[PDB]
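Every residue, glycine among them, receives a Cβ derived from its backbone with ideal geometry; neighbour counts consider all protein chains shown. All of this is worked out from the model, or read from it or from the source named; these are not laboratory values.
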2 protein chains.
Amino acid sequence: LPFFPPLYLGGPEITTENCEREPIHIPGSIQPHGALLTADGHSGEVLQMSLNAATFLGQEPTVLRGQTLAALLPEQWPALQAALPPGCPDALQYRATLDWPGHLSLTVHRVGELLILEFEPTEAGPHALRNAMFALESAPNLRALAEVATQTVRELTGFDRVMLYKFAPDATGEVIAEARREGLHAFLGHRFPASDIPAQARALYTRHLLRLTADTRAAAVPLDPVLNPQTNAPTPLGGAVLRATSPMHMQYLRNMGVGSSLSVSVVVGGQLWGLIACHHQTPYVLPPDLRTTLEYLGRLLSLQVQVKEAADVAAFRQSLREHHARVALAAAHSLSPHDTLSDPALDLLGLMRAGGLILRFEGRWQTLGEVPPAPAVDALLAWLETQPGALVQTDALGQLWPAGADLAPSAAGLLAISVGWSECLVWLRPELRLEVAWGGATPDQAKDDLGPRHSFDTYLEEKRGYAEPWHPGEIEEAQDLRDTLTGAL
Amino acid sequence: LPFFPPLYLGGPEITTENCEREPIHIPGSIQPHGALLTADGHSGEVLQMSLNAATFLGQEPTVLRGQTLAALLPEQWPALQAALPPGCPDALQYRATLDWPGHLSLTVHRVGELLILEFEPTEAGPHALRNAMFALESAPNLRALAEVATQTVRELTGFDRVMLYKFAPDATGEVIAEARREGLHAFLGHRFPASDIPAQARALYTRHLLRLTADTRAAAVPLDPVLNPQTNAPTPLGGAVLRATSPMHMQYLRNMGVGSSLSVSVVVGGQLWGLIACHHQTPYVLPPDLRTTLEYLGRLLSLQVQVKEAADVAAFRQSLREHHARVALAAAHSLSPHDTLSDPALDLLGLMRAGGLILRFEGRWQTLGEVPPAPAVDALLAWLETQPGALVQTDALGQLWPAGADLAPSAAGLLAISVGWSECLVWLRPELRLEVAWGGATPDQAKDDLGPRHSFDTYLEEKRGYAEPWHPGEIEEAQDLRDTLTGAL
Ligand SMILES: *C/C=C1/C(=C/c2[nH]c(/C=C3[NH+]=C(/C=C4\NC(=O)C(C=C)=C4C)C(C)=C\3CCC(=O)O)c(CCC(=O)O)c2C)NC(=O)[C@H]1C
Ligand SMILES: *C/C=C1/C(=C/c2[nH]c(/C=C3[NH+]=C(/C=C4\NC(=O)C(C=C)=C4C)C(C)=C\3CCC(=O)O)c(CCC(=O)O)c2C)NC(=O)[C@H]1C
C-alpha cells in the first residue's frame, strides 16, 4: 500500500480524494495525555522526545537529550535488553510501572534499531474477567456472544457506548450488537460505508490490535526532532498507542459528537474480522491496567468468533444432512436425470429454499417452480457457459449480468452448479425488496464532500433487484452435492 | 463412552483391564483442601455437603443441611440466580470471594437442576501476564511458542516442572517443551503411551479444561449423602475442580514421585490438542487467582497453536511453490507423461524428498532412483489398485501391507496419488532405523501389570522398517499437484 509523505515533509493535504494514502503510522506527534521517548537499540542513548516529556519526567529536554537509558532507568534497562532482542517484530511489547518523585506506566516496543518508550499515569472487579470468559465461551450463537461481549466491555469500562462492528467482503461493516447508555442514538443494525475505515487503517489494525483517541478536542504534541537521527526518516509510531490520531478521523469523531474513542481489533485467520468500537460522550482516559483486560477480551473474541461461526454453519449442515442423504440415494440409481431430480419427493427446491429450478442434462433442460420464460432460460444457460468454475452464487443477478435484471421478479438470486457447464443445476430465488439502514450515507454519497460527513442518522436505502442471500451452509451443501452428483455420473 | 457403576454402587475394582471405563466424573468424594456444597437449582435448599464443610463454614452439618442459599449467602444468591440460568451448560462457572468470620473463594456451576458450590481459601506480577501474551504471539514457530509457554508458567507458578504435552492421532503424546528445576529428571523428547491418559479422561478434558491433584498423599473426603436426593443418582462432579482424582492416576503420580499435579487443556477445533502438565515434588495448592492466569494462558495457547501450525505449513508450501509452478508448466505441454515427468529438470524426486519414484501411465510404468525390483513393483501397483482413494500416505509400508516389509530397504515410506489407479505416481522413501525415547514403557508393556507402572526412565525402542514421515506440507502439495495433473489429462 502506497503512502504520501507526511505534512512535515512536503506532503499534500488529505482530502476524501486521497485519504486512502495517508501515512497515519508516522504523524510525528503524539497525544498529550502521555510522554514518549525514542532511544537507540544498541547504545540506549535517547534520540527523540515529545515536547511535553519535561512535564512528565521533571527534567529539561536538554537534560534528558543524550542521556543513556542505563542512567535514566537503571532498574529497567537490562529487562528491556533481554525482553526486546534485535530483529523482533514491532508488535512485541514490554510493560512495567515506575515510581517517579506518582506511579507511571512504561510500555516499550522495538522498531528496527529504535526503542520506543511510552509513559502514562497508572493507578494501583478481579473476577469479572473470568466470569466474562466463561460467559463468552458458553454463548449459544454469534449474536449472543456479541451481546455478552458488548455488555461486558460496557460494564467494565463505563463507556457510554460499546458495539461490535463486523466487516463484510467489501469492507462495509455493520453494528451487530450495541450496549449504550439510556438516551443515546442507536447505531445497532446500521451498515456503514467502507470509506469510514480506509484500507491502510484496516491493514494497520490487523497487526496492532488496540488504538484510541482519548480527547477529540486535544491538539497533538510533536516530537523533537521529528526525523529519526539514525536514518533522517520519519519515526514509525504504528505500534505506539499514544500515536496522534489522523485529523480525518478526529473531525469524523467530532462530527459524531464523540468525546473519546477506542477500538480493539478482532482478527481471525490473519484477516480483520471486526472491531470492538467504544464511544464516550466526554473526554476519557482508560488506565492501562484496564485496557489490558480489553486486549484479553480481544484475543478471546478472536477465538470464540471462529468457534461460533463454525458451529453455526455445522448446525445448518446438520439440518440438511438427511435430505442430502435422500437426494444422493435417489441419484445413484438414476436412469433419467430429469425425471429423477424433478421428482417432488426429493424436493430439490426446498433443499436450497429456492423458487425456481433449472435442470440441464442430455442437451435439454426442464424447469420446476416459478422460472423465467424459455428464451430467458436459453440466455441464462448460454450465459452460464461463459463463466468458469463449478459453482456460481449471487444474491443479485443484475450485478453479474446486465439485461438479466429484467428477470429479477422470478430469478434474482442464482446458485448454479456444473457437472463443463453442459449438464448443470440452477437454483433461482425471486426478488425481495430490501431496505438497508445506513449510518448517514451510502457508499455513493461518501465522496460528495471533501471532508468527513456530518449526517449520521438512519438513512434507509431502498435496494431493488436483490434476493435473499445464500446462507454459507447452503453453499457448502451445494458443492458437496456437486461432488456427489458429479461422482454419480 | 460406557462407564461402570462407581464403587459406592456395587462397582467393580478398577484395573488395567477396564480402567478405560472408570466413572471419574462421579467419585462421590472431593479433595480435602476445600469444601463443596450441593443445592437445589430452583429453591436453593442445600442438599449435599462434604464431611469437612463444618471446618470451612464453622457450622454443624445438621445446621447447614436444609438451609436455603438465600439465608446462607444473602449477598450472593441473586447473583447466582442471574448468572446461571436453567439449561445453561455445565462448563459455565461463576466465581466470587466472601468474608468469613479468612476470605474464601466460591465457584458455582450448574449441572441440570443442581447447583454445585466450591469453597477454597484465597489471598488478596501484574504485567507478567500481558508480557507473556505478547511473547507468545511473537514466537516464530511452535517450538519457541512451547518454550515461552513452559518458561512462563514456570516463572508464574513456581512449579518444579512445567511441560507441554502434544497428542498424536493414536493418542500417544510427547513432551515437546520442558521447564524444570535443576537436578530433576528430564521428560523432554520422551513419548508416552496412550494408556496414561485414557479415552474418557481426554473426553472429559475436552470440556472441562483445568484439573489438579493438590496432594497425592491425601485421602478424599466423601459427600453426605453420596446420592443426589433429587434423582437418587450419583452427583456429576466433572466440572468441580475439587473432584477426587481417580486412584489410578494418584498411584501413577506417586510412582512418579509427584507430590502435586495440575494440567490445563489446549483444545483446538473441538479436539484435545495438548496439555500444560505441571509437577511439584511436594504438596502444593495454587491460589485460584493464580490458576485463572493459567486458564487465560490456556485460551491463548489454544489460539496460538492453531496460528503457528498454519504458518509452519504455509512456509513449507512457500518453499515448494516455484517447483510446483515448473512441474505444472511442463505437465500442461506434455505428449508423453513418462518422458515429461521423468525429466531430471523437473526433479520430481527432490520435490517430495523421496529416494524412489514410480510412474504409471498408458498401461506401463517407469522408475526413477532406488526402487524395488520389477515384480515387487508389479505387486505394489496391484496392491495400490485395491486401496480406494486419490492419495495414499504411510511412513511404514509394512504396517499397511505385509509381505511388503521385504521391500523396506528401498521403499519403506509410500506416498501414492491417482489420476482410478490406472495412472498414478508413487513416491518411495528408504528405511530409516529409528530410536524412540519412551517414558518407561512402550504401548506393548502397558498392560503387563494390573497397576500403574513404576519405571519412568528412558526406554529407547529400536523401531525398524520405518521411514521419515511425510511432512504435512508435502501431502498438501501432493494433492494440489494431484488436482493439477488430473486436470491436465
Ligand atoms: C477519507 C478518510 C476517511 C476516514 C479516515 C480514517 N478513519 C480512521 C479510523 C477509524 N474509522 C472508524 C470508523 C467508525 N467509527 C465508528 O464509531 C463507526 C460506526 C459507529 C465507524 C464506521 C473507526 C472505528 C476507526 C478506528 C479508530 C477508532 O476506533 O476511533 C483512520 C485512522 C485513525 C487512527 O486510529 O490513526 C482514518 C485515517 N474516515 C472517514 O470517515 C473518511 C472520511
Ligand atoms: C488404566 C488407567 C491408567 C490411568 C488412568 C488415568 N489417568 C488420568 C489422568 C492423567 N494422566 C496423565 C498422564 C501423564 N502425566 C504426566 O505427567 C505424563 C508424562 C510426564 C503423562 C503421560 C495426566 C496428565 C492426567 C491428567 C491429570 C493430571 O494432570 O495430573 C486419569 C484421570 C484423573 C483425573 O483427573 O480425574 C485416569 C483415570 N493412567 C495410567 O497410567 C493407566 C494406568
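For the range A:179-205, a residue qualifies if it is touching a helix residue (DSSP H, G or I) at 6+ places or on another chain (Cβ under 6 Å) and buried (at least 18 other Cβ atoms within 10 Å of the Cβ), and the qualifying residues are A:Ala179, A:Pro193, A:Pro198.
Report yes if A:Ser246 is out of contact with any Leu (no Cβ under 6 Å at 6 or more places or on another chain) and away from ligand 2 (no atom under 16 Å from the Cβ), otherwise no.
Details: out of contact with any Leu (no Cβ under 6 Å at 6 or more places or on another chain): yes; away from ligand 2 (no atom under 16 Å from the Cβ): yes.
Against the criterion (out of contact with any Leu (no Cβ under 6 Å at 6 or more places or on another chain) and away from ligand 2 (no atom under 16 Å from the Cβ)), A:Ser246 qualifies.
A single entry from B:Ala135, B:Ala149, B:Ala168, B:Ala144 fulfils the requirement of being buried (at least 18 other Cβ atoms within 10 Å of the Cβ) and either under 21 Å from the mean Cα position of the chain (by Cα) or more than 14 Å from chain A (Cβ to nearest Cβ) (or both): B:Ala149. Does the range B:70-80 contain at least one residue that is within 21 Å of B:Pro225 (Cα to Cα), more than 16 Å from ligand 1 (Cβ to nearest atom) and surrounded by 14 or more Cβ atoms within 10 Å (Cβ to Cβ)? Within the range B:70-80 (the criterion being within 21 Å of B:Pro225 (Cα to Cα), more than 16 Å from ligand 1 (Cβ to nearest atom) and surrounded by 14 or more Cβ atoms within 10 Å (Cβ to Cβ)), the answer is yes, since at least one residue qualifies. Of all the numbered requirements in (1) farther than 18 Å from A:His208 by Cβ; (2) acidic (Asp, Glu); (3) in contact with a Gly (Cβ under 7 Å, 6 or more places away or on another chain), A:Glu75 misses one, and that requirement is (3). For the range B:349-387, a residue qualifies if it is in contact with a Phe, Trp or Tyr (Cβ under 9 Å, 6 or more places away or on another chain) and farther than 22 Å from B:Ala467 by Cα, and the qualifying residues are B:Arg360, B:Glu385, B:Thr386. Take the residues in the range B:271-288 that are in a strand (DSSP E or B) and aliphatic (A, V, I, L, M), then tell me which one is farthest from ligand 1 (Cβ to nearest atom). So the residue we want is B:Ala277.
Looking for something more than 16 Å from ligand 2 (Cβ to nearest atom), farther than 23 Å from A:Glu17 by Cα and either in a loop (DSSP other than H, G, I, E, B) or out of contact with any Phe, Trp or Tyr (no Cβ under 7 Å at 6 or more places or on another chain) (or both) - is there at least one such residue anywhere in the range A:189-201? Looking for residues that are more than 16 Å from ligand 2 (Cβ to nearest atom), farther than 23 Å from A:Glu17 by Cα and either in a loop (DSSP other than H, G, I, E, B) or out of contact with any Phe, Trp or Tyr (no Cβ under 7 Å at 6 or more places or on another chain) (or both), one finds at least one in the range A:189-201, hence yes.
Can you pull out the residues in the range A:229-270 that are away from ligand 1 (no atom under 11 Å from the Cβ), away from chain B (no Cβ under 14 Å) and under 25 Å from A:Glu45 (Cβ atoms)? Within the range A:229-270, A:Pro229, A:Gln230, A:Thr231, A:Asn232, A:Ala233, A:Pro234, A:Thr235, A:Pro236, A:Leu242 qualify. The set of residues from the range A:152-177 being of a type in the set (D, E, K, R), more than 21 Å from A:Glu295 (Cβ to Cβ) and touching a helix residue (DSSP H, G or I) at 6+ places or on another chain (Cβ under 8 Å) comprises just one member, A:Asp170.
The residue that is nearest to the chain's Cα centre (by Cα), among those in the range A:75-105 that are more than 10 Å from chain B (Cβ to nearest Cβ) and under 17 Å from A:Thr55 (Cβ atoms), is A:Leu104. Within the range B:188-212, take every residue that is of a type in the set (A, V, I, L, M) and within 14 Å of another protein chain (Cβ to nearest Cβ) and give me the one that is nearest to ligand 1 (Cβ to nearest atom). Among residues in the range B:188-212 that are of a type in the set (A, V, I, L, M) and within 14 Å of another protein chain (Cβ to nearest Cβ), the one nearest to ligand 1 (Cβ to nearest atom) is B:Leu209. In the condition set (1) surrounded by 14 or more Cβ atoms within 10 Å (Cβ to Cβ); (2) more than 16 Å from ligand 2 (Cβ to nearest atom); (3) among the charged types (D, E, K, R), B:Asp483 is compliant with all but (1).
Residues of the range A:283-306 that are over 28 Å from A:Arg217 (Cα atoms) and more than 8 Å from chain B (Cβ to nearest Cβ): A:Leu297, A:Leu301, A:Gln304, A:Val305, A:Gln306.
B:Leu9 passes every criterion in (1) outside the structural domain of B:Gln445 (by CATH); (2) hydrophobic (A, V, I, L, M, F, W, C); (3) more than 16 Å from ligand 2 (Cβ to nearest atom) apart from (1).
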